Student: 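Have a look at this one.
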Amino acid sequence: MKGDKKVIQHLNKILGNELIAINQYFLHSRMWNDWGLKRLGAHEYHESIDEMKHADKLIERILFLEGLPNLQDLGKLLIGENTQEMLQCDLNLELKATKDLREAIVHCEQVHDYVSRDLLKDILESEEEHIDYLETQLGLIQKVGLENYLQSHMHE
Amino acid sequence: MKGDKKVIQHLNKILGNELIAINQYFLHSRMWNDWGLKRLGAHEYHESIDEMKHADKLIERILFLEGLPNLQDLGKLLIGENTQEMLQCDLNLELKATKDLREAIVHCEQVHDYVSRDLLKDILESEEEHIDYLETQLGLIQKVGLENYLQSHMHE
Amino acid sequence: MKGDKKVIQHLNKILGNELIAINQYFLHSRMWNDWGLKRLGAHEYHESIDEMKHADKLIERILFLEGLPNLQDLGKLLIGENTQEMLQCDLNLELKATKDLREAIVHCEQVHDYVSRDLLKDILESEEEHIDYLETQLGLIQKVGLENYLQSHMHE
Amino acid sequence: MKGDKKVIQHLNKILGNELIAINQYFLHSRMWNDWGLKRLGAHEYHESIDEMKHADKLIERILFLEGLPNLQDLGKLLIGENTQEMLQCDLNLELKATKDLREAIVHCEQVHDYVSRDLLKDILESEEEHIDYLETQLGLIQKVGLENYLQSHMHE
Amino acid sequence: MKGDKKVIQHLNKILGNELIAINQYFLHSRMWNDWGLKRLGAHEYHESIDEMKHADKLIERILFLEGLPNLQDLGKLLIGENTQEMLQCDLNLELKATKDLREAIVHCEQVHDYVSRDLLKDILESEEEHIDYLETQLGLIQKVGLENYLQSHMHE
Amino acid sequence: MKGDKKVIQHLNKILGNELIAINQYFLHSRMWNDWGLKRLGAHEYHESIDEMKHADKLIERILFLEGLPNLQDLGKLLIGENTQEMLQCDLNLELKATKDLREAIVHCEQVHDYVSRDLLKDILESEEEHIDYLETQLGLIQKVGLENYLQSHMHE
Amino acid sequence: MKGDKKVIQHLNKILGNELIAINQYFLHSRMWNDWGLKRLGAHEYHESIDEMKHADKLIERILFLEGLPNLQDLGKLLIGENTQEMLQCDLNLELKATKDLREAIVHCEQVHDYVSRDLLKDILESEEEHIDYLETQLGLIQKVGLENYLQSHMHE
Ligand code: HEM
Ligand code: HEM
Ligand code: HEM
Ligand code: HEM
Ligand SMILES: O=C1NC(=O)c2c(NCCCc3cc(O)cc(Cl)c3)cccc21
Ligand SMILES: O=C1NC(=O)c2c(NCCCc3cc(O)cc(Cl)c3)cccc21
Ligand SMILES: O=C1NC(=O)c2c(NCCCc3cc(O)cc(Cl)c3)cccc21
Ligand SMILES: O=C1NC(=O)c2c(NCCCc3cc(O)cc(Cl)c3)cccc21
Ligand SMILES: [K+]
């Protein structure tokens with residue numbers, strides 16, 4: 001089906017963000033696992049898988065709209081050097097992702113691509129859940145202290 | 001069955017306390033969940049449900065006695081701004097509630113409304129169990145430290 | 001996540017309508033049960049539970065958006081003195097509630113809070129189902145007569 | 001297999017009656033459900049499905065006989081404005097359908113299309129069962145009164 | 001519940017498209033079955049059922065909004081004389097249907113009938129899935145050749 | 001455990017190849033699915049998953065050896081424009097991948113990193129199986145013809 | 001099958017390291033159990049069992065090669081006086097063991113005893129997994145503090 005060219009551009013921008021998130025979350029997961037913080041590693045693994053599923057749906061939508069999905073361009077990963085920074089790097093990426101999702105939904109609504117809007121809204125709901133998770137973890141570090149926070153994330 | 005007017009007034013006073021407790025505990029529960037203290041959130045949710053069941057039985061009793069249940073007037077919620085304050089606000093409310101239950105039981109006894117007395121005694125038993133829980137939590141905070149106490153209430 | 005202040009105000013306005021509905025439907029349910037109209041009592045109970053679940057989701061969303069949920073201010077209950085009035089009071093409340101929901105959705109859309117919109121849309125779907133039920137009940141009273149209508153709601 | 005041209009015209013006339021009946025019963029069903037008369041709504045839905053199955057078999061036979069099934073021409077639906085009129089409208093349509101079935105069977109017999117006759121006889125048995133149902137409902141309205149009749153059709 | 005007059009007109013236009021689709025897809029299905037192309041027959045049958053379910057929901061929504069569903073007016077069916085034409089006829093109908101859905105969604109949005117919009121968005125998702133299927137089939141005919149394409153659709 | 005710096009560099013080069021392969025195979029899979037060649041799409045999907053698992057093991061090994069896995073640098077994807085080109089592009093990437101694996105194993109052996117060698121040997125066995133598959137597909141296209149080959153890959 | 005004499009000498013050296021490891025890990029396990037750190041005790045017990053199984057395979061290989069397995073000479077156990085030291089003593093033993101495994105593999109390769117090499121490679125894989133575990137435990141002590149680390153290892 002011949003899609004709106006600018007919708008396809010927005011879908012590729014969202015996909016670009018997902019590709020960053022896949023790799024950033026996967027690396028964070030395996031760093032946490034290496035450090036013995038296996039509950040964080042498993043949770044971050046599932047975040048990465050969730051972003052892979054989002055990327056799959058975006059690729060499929062772009063192709064249906066007769067666009068070319070961009071899996072070639074990879075923006076800057078935000079990694080960081082300890083648990084607090086890794087969480088804040090994830091949160092910075094998510095806030096950028098949700099900004100782009102909202103701008104994409106505006107445009108889908110304006111050109112009447114209501115199915116693309118529904119897909120992006122579903123993705124945004126997942127990203128807002130991730131934001132809730134991250135903000136909560138950063139708050140917990142403050143409430144229980146870093147030592148206890150990390151302790152509580154050693155065992156799955 | 002025509003009830004004693006003052007019994008019905010006592011029952012509506014107890015009901016008023018329950019309506020405060022339902023909302024205060026439900027809000028406390030959701031604040032704790034939002035902060036990632038899900039064991040506290042879950043326990044406080046069950047306390048709110050318990051008060052909902054008490055309120056149901058009082059409403060049913062008032063109607064049987066041919067009175068009008070007062071679900072319109074809501075007294076002051078005691079919310080507080082951190083875990084210790086929230087627990088103490090709950091405890092303050094409970095101690096007011098048990099005082100009111102005792103005065104109502106005295107009056108039921110005097111006018112021979114033994115079934116209303118039995119209902120209020122059952123509610124009083126539940127409220128004293130709540131008081132036991134709350135006093136114990138406040139004492140645990142002192143014994144294990146706030147950070148450990150919160151850590152232990154992160155996961156269900 | 002820092003929410004739009006007016007979104008939060010709208011969500012609290014919706015929450016305020018739910019708190020009225022919880023109590024109005026609960027009291028109606030227990031009145032109908034006391035009168036032996038247990039099918040009405042049970043259906044109205046489930047309506048009250050529905051509104052409790054809506055209020056829960058609203059409270060959770062307001063807290064995520066870093067607002068304060070208002071569980072303190074309870075507006076006017078619309079009770080009524082017989083079955084037809086009780087149903088009409090529920091319907092008047094629902095029509096106010098759906099008006100407020102639509103206005104809230106407009107503002108969510110305007111500020112790009114698409115997740116709050118989706119939550120409100122889901123609540124609106126539930127409220128329109130309640131309106132369908134209420135309008136149908138009122139029409140059935142006209143078609144079968146009040147005595148038959150009440151007869152048909154004695155038993156579950 | 002090359003069918004008799006006039007047999008095919010008869011099958012298309014029967015099919016045309018079925019297409020009217022599908023829509024008329026389906027709309028009646030959904031009207032009754034909307035009014036809270038869900039036992040009538042469910043029964044009328046099953047009448048509509050029955051006519052759909054008849055239409056399928058007619059379409060399949062016409063194609064086997066190398067004719068063109070006519071799904072384009074829709075005759076006048078008989079809707080009516082209350083339960084008694086809706087039942088009478090269905091019955092009027094059914095009596096027209098059974099007259100047309102009888103004439104089609106005569107013709108099938110004359111040209112020795114005994115398999116088409118057997119199909120039409122099966123459909124005629126179904127339609128006489130519908131007529132029995134409709135005549136019985138109209139008679140019940142007279143015997144129990146309209147308010148009781150409708151009351152008995154509120155719940156499935 | 002009193003619906004918006006122009007929403008009801010849009011819903012009846014959508015329903016009119018569905019009534020065309022139901023019959024067009026049903027006839028196409030039975031033509032393919034008659035020709036021994038049973039996998040196409042089965043798939044097209046399920047498409048027809050899908051449109052029947054959409055029409056049911058539209059009819060129910062129109063009646064809830066106190067409008068009259070139009071099951072009387074049947075537009076032009078697009079049939080076609082061979083497999084390629086039949087698929088292109090379905091695709092032409094679907095492209096008209098999605099245009100009309102998008103215009104109806106615009107109008108529901110403007111009058112704040114967000115529940116009608118959600119229903120129409122769900123129907124639109126289904127129709128874009130049909131378009132995906134149709135465009136894919138027409139493309140497969142080009143890649144594998146007509147004779148192989150038909151061969152692959154003989155057996156369910 | 002402090003690894004050999006040049007081993008870690010080899011492992012990061014292998015990982016780099018895997019990241020290309022993940023995206024190339026995933027896009028190919030979704031292109032084939034979009035075109036209705038679902039058997040090719042499913043097989044290529046599982047190839048993508050295989051490379052994801054290889055990348056996981058490489059990341060875990062690099063981190064164990066106290067290196068930094070490179071998920072930032074993405075080399076050129078080889079995307080075909082038709083099935084035969086897509087298969088040849090996969091094959092060209094695989095032949096580069098196995099050359100790099102062999103050179104990495106030579107170096108692992110020279111510095112006695114026998115566990116890293118064992119990991120790479122396992123990956124190489126997988127890649128030779130992929131090469132076997134790809135060479136076999138390209139051969140089949142020649143033996144059965146492209147139209148038949150594509151026909152055989154329509155259905156899962 | 002008469003083996004290479006220096007292979008057998010290497011296998012006996014590896015066996016000697018395993019006999020030290022068996023006893024050192026078993027004593028550490030029972031020390032941790034005595035101290036109430038039963039999760040550490042259980043994990044170290046399973047490490048001891050692992051080394052017992054390695055020793056068994058070495059004994060079997062040496063006998064097959066017509067050598068005499070040396071179970072008589074026991075080198076110095078590295079015990080240590082607290083958890084951190086005990087883990088470090090285990091890590092120091094493991095690093096000597098893997099050095100010895102690497103030299104043994106070099107010699108097996110030179111004299112073409114590829115089966116002995118494969119056995120040692122499998123043992124080396126196990127020992128590198130132990131090193132991972134130990135390094136991670138030492139890292140966790142730094143990140144969560146010793147008191148939390150030991151707390152998390154009290155219960156299995
Ligand atoms: C374009 C980028 C990627 C896409 C579209 C993608 C897509 C997917 C999908 C759809 C799944 C199946 C998830 C499920 O249904 O449970 C999956 C699984 C997985 N992915 Fe990815 N992925 C991508 C990149 C990566 C990368 C870079 C890695 C690691 C470096 C990775 C590691 C994994 C793993 C380990 C699994 C689970 C496999 C299993 O054991 O079943 N993925 N991926
Ligand atoms: C007049 C005030 C209320 C009364 C009499 C009442 C009564 C009840 C009762 C009898 C139940 C069934 C519990 C059970 O038996 O398992 C219930 C459930 C529940 N209530 Fe309330 N309630 C009140 C107010 C509220 C409020 C204000 C909220 C939220 C703000 C709320 C949230 C809930 C929830 C989430 C459930 C569980 C529903 C489910 O999933 O089953 N209630 N309530
Ligand atoms: C040419 C006209 C039609 C034909 C030939 C037709 C045929 C059929 C058939 C063969 C079935 C399967 C019944 C079974 O064996 O269980 C069916 C189901 C159904 N039809 Fe139709 N139909 C027609 C028109 C319609 C219309 C106009 C509507 C709505 C206005 C409708 C609504 C339904 C529904 C709701 C179902 C059941 C779907 C389910 O089971 O979930 N049909 N139809
Ligand atoms: C301090 C000396 C040792 C101690 C205290 C010890 C202790 C144990 C214990 C408690 C078990 C588990 C028994 C069971 O399954 O119920 C076990 C199993 C075993 N041990 Fe030892 N052991 C020692 C030395 C050795 C040595 C020197 C060897 C071989 C050279 C060996 C080989 C084995 C084997 C093969 C098993 C069976 C484990 C399995 O496959 O499940 N052990 N040992
Ligand atoms: O692809 C990428 N791989 C990376 O490692 C990486 C980056 N690393 C910065 C240091 C992270 C770190 C800190 C630490 O204390 C321990 C460890 Cl293991 C790692 C930055 C951008 C992109 C990439
Ligand atoms: O909280 C509230 N409790 C109430 O009763 C109530 C109200 N009652 C109005 C009369 C309803 C009634 C009529 C009847 O015949 C029998 C019964 Cl039991 C009750 C109005 C506003 C608010 C409230
Ligand atoms: O209905 C009510 N809703 C309320 O919030 C509330 C009150 N809140 C005072 C501050 C509570 C708070 C502190 C905090 O540190 C974080 C959060 Cl989320 C909330 C007081 C009386 C009645 C009500
Ligand atoms: O209701 C309708 N019934 C119809 O047949 C029909 C139409 N037929 C067009 C001829 C296509 C055909 C070609 C063929 O080779 C075999 C067959 Cl059976 C049919 C056109 C519009 C509307 C209708
Ligand atoms: K602790």
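In what follows, chains are A, B, ... by sequence order, proteins preceding strands, each numbered from 1. Below, all heavy atoms of this structure are taken into account, side chains as well, without hydrogens, waters or symmetry copies.
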Student: Measure across B:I59 and C:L27 and return the closest heavy-atom pair with its distance rounded to 0.1 Å.
Tutor: CG2-CD1, 4.4 Å

Student: From C:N33 CG over to B:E60 CD, what is the distance, rounded to the nearest 0.5 angstrom?
Tutor: 7.0 Å

Student: Do other residues, nucleotides or ligands put more than 12 heavy atoms under 6.0 Å from C:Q84 CD?
Tutor: no

Student: Check whether any side-chain N or O of B:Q72 sits under 3.5 Å from a backbone N or O of C:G75 as a donor-acceptor pair, and report yes or no.
Tutor: yes

Student: Can you tell which part of B:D34 gets under 4.5 Å to a heavy atom of chain C, answering side chain, backbone, both or neither?
Tutor: side chain

Student: Hey, could you give me the CG/CD1 distance between B:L19 and C:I22, rounded to the nearest 0.5 Å?
Tutor: 11.0 Å

Student: Nearest 0.5 Å, what's the CG-CZ distance between C:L71 and B:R30?
Tutor: 11.0 Å

Student: Does B:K38, at its NZ atom, have more than 12 non-hydrogen atoms belonging to other residues, nucleotides or ligands within less than 6.0 Å?
Tutor: no

Student: Considering non-hydrogen atoms only, spot the tightest contact between B:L63 and C:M31 and give its length.
Tutor: CD1-N, 3.8 Å

Student: At what distance, to the nearest 0.5 angstrom, does OG of C:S29 lie from CG of B:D56?
Tutor: 8.0 Å

